[PDB]
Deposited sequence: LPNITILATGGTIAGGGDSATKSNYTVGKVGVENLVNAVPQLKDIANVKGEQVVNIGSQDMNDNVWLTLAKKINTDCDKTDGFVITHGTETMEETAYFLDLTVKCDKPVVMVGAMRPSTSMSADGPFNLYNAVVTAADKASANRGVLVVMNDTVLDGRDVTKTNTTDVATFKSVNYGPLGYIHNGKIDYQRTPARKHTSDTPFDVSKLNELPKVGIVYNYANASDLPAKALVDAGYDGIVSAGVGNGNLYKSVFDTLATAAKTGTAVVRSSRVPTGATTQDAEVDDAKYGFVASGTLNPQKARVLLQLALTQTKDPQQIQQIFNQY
């Protein structure tokens, strides 16, 4: 059987080979606790240590499964999608119900994540998220409902495949460049560029925006209204920010659909970057990484058009 490494970032989602013994019949599992934290507290340090671990141990194993909380799983998955250089399957998985709760979802989630990680056909598709019998790509996947076990969905382009009876039918694969095809290399980095997110809505204070500028943040992501629009006070602070060196990326609070370039706002005029289908938290991820390569908004836009 294939040997799959399980990297845990927190508690157990099932309760591992003893908690879900059926696992030892499809893979050879070793487990390492890499960090232990709730995902609402996920952070840069954790991201860096994970990417490095996966990159160092790529040849010690046939695949990876990462147990992680659901709240920020979608951010971690995209970070790794951009930084892992192991074309072998890296599959993330979590659980929406506590492991001791009735009809706990963890056990079967874990099983299906190991199934996915172990299938050769899963290789070379970038980092994946596996939940609710579905194989989801790290870029587009996002949490759609606060409590539903079916919460994870790729709301713009769809899943990569479905899992029935330990088998996967892949009918899709992502087009946006990832893993070995990106120029990102966090292997020597101990920190990441500071990027914050500000929200837009009626009568929005500019204060949040101004705090980030005061603190010399490297980038700021705007969760805009509609097609990335900005409340005027926020538009003014961000315009300013962009002229004094803070990268500014326009995304949207609207859960699906792209924030398009030169549509609602003149990005070229202000030196802003439109995030495409990257929601705010995902846009933060690429902006941070783009900032380790360049600070030219034109080049940041190009990065946003390709990753």
Quick one: where does the model skip the deposited sequence? 16-34
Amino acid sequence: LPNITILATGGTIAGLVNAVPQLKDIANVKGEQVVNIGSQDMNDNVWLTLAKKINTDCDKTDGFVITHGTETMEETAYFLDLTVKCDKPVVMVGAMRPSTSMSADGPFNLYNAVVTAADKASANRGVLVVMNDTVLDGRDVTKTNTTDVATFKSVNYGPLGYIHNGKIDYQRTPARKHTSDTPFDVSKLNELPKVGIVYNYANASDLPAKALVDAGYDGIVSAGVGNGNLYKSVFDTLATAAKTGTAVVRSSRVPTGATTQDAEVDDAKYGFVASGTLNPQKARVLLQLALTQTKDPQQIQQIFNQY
From here on, numbers count along this sequence of modelled residues.
Which is higher in the entry, the mean Cα B factor of 17-25 or that of 279-287? 17-25
Do the CA atoms of 259-267 or those of 47-55 have the higher mean B-factor in the entry? 259-267
From the entry's CA B-factor values, the highest among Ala113, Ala104, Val195, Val149 is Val195
Could you tell me which third, lowest, middle or highest, the C-alpha B-factor of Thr76 occupies within its chain? lowest
Within-chain third of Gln301 by Cα B-factor, per the entry: lowest
Check where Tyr201 lands among this chain's C-alpha B-factors and tell me if it's the lowest, middle or highest third. lowest
Please place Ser252 in the lowest, middle or highest third of its chain by C-alpha B factor as given in the entry. middle
Rank-wise, by C-alpha B-factor, drop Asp62 into the lowest, middle or highest third of its chain. middle
